[PDB]
Amino acid sequence: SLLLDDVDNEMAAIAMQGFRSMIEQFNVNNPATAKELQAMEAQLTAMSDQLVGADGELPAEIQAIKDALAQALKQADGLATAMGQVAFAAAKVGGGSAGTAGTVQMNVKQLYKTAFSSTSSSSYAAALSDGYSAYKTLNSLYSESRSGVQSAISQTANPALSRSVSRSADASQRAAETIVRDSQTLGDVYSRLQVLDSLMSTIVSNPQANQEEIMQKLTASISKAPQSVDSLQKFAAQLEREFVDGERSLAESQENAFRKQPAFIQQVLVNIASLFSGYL
């Protein structure tokens, strides 16, 4: 009876290819369906057979994915819950601790829940906000994690971030429009929001810095951030024009950053959700 944290490379790649094959069975751009859930099950069984044989005992983490897919067929939360269990398993294969696999699972599951949220939902803004918190948490964890946990994160989170988006004086409103203008997917939104977040963080941490230095440092940070990079650099340059261009703009940006930064980013998220939702 096999334990996933104690697998050889051939079986690690078998498992991960099975997870990748499950992922190809759905389309995040439309509500999840019985057919997709069933197809994921068929891919899971094909990989399980390779792992332990048509009759061997399923490892705990594969058991969990099976249970999850079973429930989702009986009743969005369903596919999202199953993909969190996929990300847990993949994280365990990669040598992650229980705590790490748990964090990966909770936060990947959230990205799918955000991907499947309708823009008309009363909870859409919330879901967009929760999805950014999950994004950040995953990017933090990615950096400090073993390679296989990195693969578990990116391979399960990316499909949710691929969800398409499209649009329907105040700085937070101006930032929202700038992010949205340059974004096709949810991943585009969050990666560009993170650039703004980093711009604000750079100002706070370097209050004496002028425009050129702020941008120099931000550029370095974007180069050192976890994983298109040229596109985020180009986006940084677009933020420069809006919020760092000249002494007046910088002074405005410095007030928001020193005095309001979390509130500002959450107001930006509200305004981004408004642009996708049409609602105030």
# chains A, B, ... in the order shown; residues from 1 in each chain; ligands from 1
>>> closest_atom_pairs(of="region 158-261 of chain A", to="region 99-117 of chain A", cutoff="9 Å", atoms="only C-alpha atoms", output="CSV")
residue,atom,partner,partner_atom,distance
A:159,CA,A:112,CA,8.3
A:160,CA,A:112,CA,5.1
A:161,CA,A:115,CA,7.1
A:162,CA,A:115,CA,8.4
A:163,CA,A:115,CA,5.8
A:164,CA,A:115,CA,8.6
A:186,CA,A:115,CA,7.5
>>> write_last_selection(atoms="N, CA, C and O atoms", output="PDB file, in the first residue's frame")
ATOM      1  N   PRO A 159      -4.840  27.105 -14.076  1.00  0.00           N
ATOM      2  CA  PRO A 159      -6.110  27.007 -14.844  1.00  0.00           C
ATOM      3  C   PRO A 159      -7.179  27.968 -14.312  1.00  0.00           C
ATOM      4  O   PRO A 159      -7.940  28.583 -15.069  1.00  0.00           O
ATOM      5  N   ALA A 160      -7.248  28.140 -13.010  1.00  0.00           N
ATOM      6  CA  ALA A 160      -8.193  29.103 -12.445  1.00  0.00           C
ATOM      7  C   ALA A 160      -7.814  30.536 -12.801  1.00  0.00           C
ATOM      8  O   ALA A 160      -8.671  31.367 -13.135  1.00  0.00           O
ATOM      9  N   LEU A 161      -6.524  30.833 -12.792  1.00  0.00           N
ATOM     10  CA  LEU A 161      -6.113  32.182 -13.145  1.00  0.00           C
ATOM     11  C   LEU A 161      -6.332  32.466 -14.605  1.00  0.00           C
ATOM     12  O   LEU A 161      -6.334  33.626 -15.003  1.00  0.00           O
ATOM     13  N   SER A 162      -6.470  31.430 -15.407  1.00  0.00           N
ATOM     14  CA  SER A 162      -6.738  31.622 -16.819  1.00  0.00           C
ATOM     15  C   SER A 162      -8.163  32.058 -17.113  1.00  0.00           C
ATOM     16  O   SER A 162      -8.468  32.270 -18.287  1.00  0.00           O
ATOM     17  N   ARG A 163      -9.007  32.138 -16.129  1.00  0.00           N
ATOM     18  CA  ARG A 163     -10.410  32.584 -16.357  1.00  0.00           C
ATOM     19  C   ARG A 163     -10.458  33.944 -17.074  1.00  0.00           C
ATOM     20  O   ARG A 163      -9.877  34.870 -16.638  1.00  0.00           O
ATOM     21  N   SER A 164     -11.198  34.041 -18.172  1.00  0.00           N
ATOM     22  CA  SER A 164     -11.283  35.293 -18.913  1.00  0.00           C
ATOM     23  C   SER A 164     -12.076  36.346 -18.144  1.00  0.00           C
ATOM     24  O   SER A 164     -13.072  36.038 -17.485  1.00  0.00           O
ATOM     25  N   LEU A 186      -8.057  36.579 -15.098  1.00  0.00           N
ATOM     26  CA  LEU A 186      -7.982  36.844 -13.664  1.00  0.00           C
ATOM     27  C   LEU A 186      -6.535  36.917 -13.204  1.00  0.00           C
ATOM     28  O   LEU A 186      -6.152  37.802 -12.424  1.00  0.00           O
TER      29      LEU A 186
END
>>> residues_around(residues="region 17-19 of chain A", least_positions_apart="4", cutoff="9 Å", atoms="only C-alpha atoms", output="JSON, numbers by chain")
{"A": [12, 13, 23, 24, 40, 43, 44, 45, 46, 47, 48, 86, 87, 90, 155, 156]}
>>> closest_residue(among="A:125, A:15, A:225, A:58", to="residue 279 (chain A)", atoms="only C-alpha atoms")
A:125
>>> atom_distance(atom1="CA of residue 275 (chain A)", atom2="CA of residue 119 (chain A)")
9.7 Å
>>> closest_residue(among="A:14, A:84, A:210, A:278", to="residue 52 (chain A)", atoms="only C-alpha atoms")
A:14
>>> select_by_dssp(residues="region 117-208 of chain A", states="alpha helix (DSSP H)", output="MDAnalysis selection string")
chainID A and resid 124:143 147:161 171:181 186:205
>>> closest_residue(among="A:54, A:9, A:128, A:37", to="residue 82 (chain A)", atoms="only C-alpha atoms")
A:37
>>> atom_distance(atom1="CA of residue 121 (chain A)", atom2="CA of residue 277 (chain A)")
8.5 Å
>>> residues_around(residues="residue 198 (chain A)", least_positions_apart="6", cutoff="9 Å", atoms="only C-alpha atoms", output="ChimeraX atom specification")
/A:218,221-222
>>> write_last_selection(atoms="C-alpha atoms", output="PDB file, in the first residue's frame")
ATOM      1  CA  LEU A 218      10.076  48.558  -8.203  1.00  0.00           C
ATOM      2  CA  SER A 221      11.380  43.879  -7.138  1.00  0.00           C
ATOM      3  CA  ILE A 222       9.412  42.730 -10.187  1.00  0.00           C
TER       4      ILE A 222
END
>>> residues_around(residues="region 233-249 of chain A", least_positions_apart="5", cutoff="8 Å", atoms="only C-alpha atoms", output="PyMOL selection string")
chain A and resi 174-175+178+182+192+195-196+211+215+218-219+222
>>> write_last_selection(atoms="N, CA and C atoms", output="CSV table (one decimal), in the first residue's frame")
chain,number,residue,atom,x,y,z
A,174,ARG,N,-8.8,55.2,-10.6
A,174,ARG,CA,-7.8,55.3,-11.7
A,174,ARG,C,-6.9,54.1,-11.7
A,175,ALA,N,-6.5,53.6,-10.6
A,175,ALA,CA,-5.7,52.3,-10.6
A,175,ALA,C,-6.6,51.1,-11.1
A,178,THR,N,-6.7,51.2,-14.9
A,178,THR,CA,-5.4,50.9,-15.5
A,178,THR,C,-5.1,49.4,-15.4
A,182,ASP,N,-5.3,46.5,-19.1
A,182,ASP,CA,-4.2,45.7,-19.5
A,182,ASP,C,-4.4,44.2,-19.3
A,192,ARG,N,-1.2,42.2,-11.9
A,192,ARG,CA,-1.0,43.7,-12.1
A,192,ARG,C,-1.4,44.4,-10.8
A,195,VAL,N,1.6,44.4,-8.8
A,195,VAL,CA,2.6,45.3,-9.1
A,195,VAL,C,2.3,46.7,-8.4
A,196,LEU,N,1.0,47.1,-8.5
A,196,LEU,CA,0.6,48.3,-7.8
A,196,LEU,C,0.9,48.1,-6.3
A,211,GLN,N,11.0,60.0,-7.9
A,211,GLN,CA,10.3,59.2,-8.9
A,211,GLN,C,11.3,58.1,-9.5
A,215,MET,N,10.9,53.9,-9.2
A,215,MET,CA,10.7,53.0,-10.3
A,215,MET,C,11.9,52.1,-10.4
A,218,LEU,N,11.2,49.4,-7.9
A,218,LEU,CA,10.1,48.6,-8.2
A,218,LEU,C,10.5,47.6,-9.3
A,219,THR,N,11.2,48.1,-10.3
A,219,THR,CA,11.7,47.3,-11.4
A,219,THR,C,12.5,46.1,-10.8
A,222,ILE,N,10.2,43.5,-9.2
A,222,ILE,CA,9.4,42.7,-10.2
A,222,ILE,C,10.3,41.7,-10.7
>>> closest_residue(among="A:261, A:223, A:137, A:118", to="residue 30 (chain A)", atoms="only C-alpha atoms")
A:118
>>> residues_around(residues="residue 59 (chain A)", least_positions_apart="5", cutoff="7 Å", atoms="only C-alpha atoms", output="list in words")
residues 2, 3 and 4 of chain A
>>> closest_residue(among="A:64, A:220, A:265, A:180", to="residue 168 (chain A)", atoms="only C-alpha atoms")
A:180
>>> closest_residue(among="A:76, A:200, A:272, A:149", to="residue 173 (chain A)", atoms="only C-alpha atoms")
A:272
>>> decode(residues="region 11-82 of chain A", atoms="C-alpha atoms", output="PDB file, in the first residue's frame")
ATOM      1  CA  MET A  11       5.525   7.443  -9.954  1.00  0.00           C
ATOM      2  CA  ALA A  12       5.703  11.148  -9.121  1.00  0.00           C
ATOM      3  CA  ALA A  13       5.483  11.968 -12.821  1.00  0.00           C
ATOM      4  CA  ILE A  14       2.728   9.422 -13.340  1.00  0.00           C
ATOM      5  CA  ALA A  15       0.688  11.080 -10.613  1.00  0.00           C
ATOM      6  CA  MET A  16       1.257  14.596 -11.837  1.00  0.00           C
ATOM      7  CA  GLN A  17       0.479  13.687 -15.431  1.00  0.00           C
ATOM      8  CA  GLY A  18      -2.793  12.245 -14.178  1.00  0.00           C
ATOM      9  CA  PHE A  19      -3.534  15.499 -12.381  1.00  0.00           C
ATOM     10  CA  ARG A  20      -2.686  17.425 -15.539  1.00  0.00           C
ATOM     11  CA  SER A  21      -4.959  15.111 -17.521  1.00  0.00           C
ATOM     12  CA  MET A  22      -7.796  15.795 -15.026  1.00  0.00           C
ATOM     13  CA  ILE A  23      -7.253  19.500 -15.487  1.00  0.00           C
ATOM     14  CA  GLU A  24      -7.611  19.314 -19.259  1.00  0.00           C
ATOM     15  CA  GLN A  25     -11.132  17.950 -18.787  1.00  0.00           C
ATOM     16  CA  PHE A  26     -12.717  21.210 -17.672  1.00  0.00           C
ATOM     17  CA  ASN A  27     -13.089  24.771 -18.811  1.00  0.00           C
ATOM     18  CA  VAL A  28     -13.119  27.405 -16.122  1.00  0.00           C
ATOM     19  CA  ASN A  29     -14.856  29.886 -18.391  1.00  0.00           C
ATOM     20  CA  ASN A  30     -18.221  28.145 -17.987  1.00  0.00           C
ATOM     21  CA  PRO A  31     -20.083  26.616 -15.044  1.00  0.00           C
ATOM     22  CA  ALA A  32     -18.732  23.192 -14.086  1.00  0.00           C
ATOM     23  CA  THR A  33     -20.745  20.194 -15.283  1.00  0.00           C
ATOM     24  CA  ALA A  34     -21.425  16.579 -14.510  1.00  0.00           C
ATOM     25  CA  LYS A  35     -19.634  15.623 -17.703  1.00  0.00           C
ATOM     26  CA  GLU A  36     -16.443  17.397 -16.676  1.00  0.00           C
ATOM     27  CA  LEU A  37     -16.624  15.904 -13.203  1.00  0.00           C
ATOM     28  CA  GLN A  38     -17.110  12.431 -14.697  1.00  0.00           C
ATOM     29  CA  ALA A  39     -14.201  12.898 -17.099  1.00  0.00           C
ATOM     30  CA  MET A  40     -11.940  13.980 -14.239  1.00  0.00           C
ATOM     31  CA  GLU A  41     -12.948  10.788 -12.442  1.00  0.00           C
ATOM     32  CA  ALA A  42     -12.038   8.753 -15.516  1.00  0.00           C
ATOM     33  CA  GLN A  43      -8.635  10.401 -15.668  1.00  0.00           C
ATOM     34  CA  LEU A  44      -8.119   9.808 -11.977  1.00  0.00           C
ATOM     35  CA  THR A  45      -8.880   6.124 -12.357  1.00  0.00           C
ATOM     36  CA  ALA A  46      -6.546   5.774 -15.321  1.00  0.00           C
ATOM     37  CA  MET A  47      -3.766   7.268 -13.201  1.00  0.00           C
ATOM     38  CA  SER A  48      -4.637   5.314 -10.046  1.00  0.00           C
ATOM     39  CA  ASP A  49      -4.486   2.042 -12.010  1.00  0.00           C
ATOM     40  CA  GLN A  50      -0.949   2.983 -13.114  1.00  0.00           C
ATOM     41  CA  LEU A  51      -0.017   3.852  -9.545  1.00  0.00           C
ATOM     42  CA  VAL A  52      -1.235   0.894  -7.497  1.00  0.00           C
ATOM     43  CA  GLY A  53      -2.947  -1.347 -10.052  1.00  0.00           C
ATOM     44  CA  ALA A  54      -6.582  -1.918 -10.924  1.00  0.00           C
ATOM     45  CA  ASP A  55      -7.069  -3.490  -7.459  1.00  0.00           C
ATOM     46  CA  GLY A  56      -4.508  -1.864  -5.144  1.00  0.00           C
ATOM     47  CA  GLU A  57      -5.430   0.353  -2.205  1.00  0.00           C
ATOM     48  CA  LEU A  58      -5.592   4.010  -3.118  1.00  0.00           C
ATOM     49  CA  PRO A  59      -3.232   6.326  -1.191  1.00  0.00           C
ATOM     50  CA  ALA A  60      -4.998   8.605   1.308  1.00  0.00           C
ATOM     51  CA  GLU A  61      -4.654  11.680  -0.861  1.00  0.00           C
ATOM     52  CA  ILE A  62      -6.055   9.941  -3.964  1.00  0.00           C
ATOM     53  CA  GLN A  63      -8.833   8.563  -1.853  1.00  0.00           C
ATOM     54  CA  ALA A  64      -9.645  12.130  -0.859  1.00  0.00           C
ATOM     55  CA  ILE A  65      -9.856  13.324  -4.493  1.00  0.00           C
ATOM     56  CA  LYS A  66     -12.125  10.407  -5.330  1.00  0.00           C
ATOM     57  CA  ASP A  67     -14.431  11.174  -2.391  1.00  0.00           C
ATOM     58  CA  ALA A  68     -14.465  14.807  -3.444  1.00  0.00           C
ATOM     59  CA  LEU A  69     -15.374  14.041  -7.045  1.00  0.00           C
ATOM     60  CA  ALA A  70     -18.026  11.602  -5.849  1.00  0.00           C
ATOM     61  CA  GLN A  71     -19.772  14.265  -3.775  1.00  0.00           C
ATOM     62  CA  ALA A  72     -19.637  16.917  -6.489  1.00  0.00           C
ATOM     63  CA  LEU A  73     -21.527  14.582  -8.811  1.00  0.00           C
ATOM     64  CA  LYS A  74     -24.206  13.928  -6.198  1.00  0.00           C
ATOM     65  CA  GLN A  75     -24.816  17.701  -5.902  1.00  0.00           C
ATOM     66  CA  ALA A  76     -18.893  25.160  -8.603  1.00  0.00           C
ATOM     67  CA  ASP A  77     -17.912  24.395  -5.025  1.00  0.00           C
ATOM     68  CA  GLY A  78     -17.766  20.792  -6.210  1.00  0.00           C
ATOM     69  CA  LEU A  79     -15.094  21.196  -8.851  1.00  0.00           C
ATOM     70  CA  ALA A  80     -13.236  23.732  -6.728  1.00  0.00           C
ATOM     71  CA  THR A  81     -13.237  21.338  -3.752  1.00  0.00           C
ATOM     72  CA  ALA A  82     -11.901  18.515  -5.951  1.00  0.00           C
TER      73      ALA A  82
END
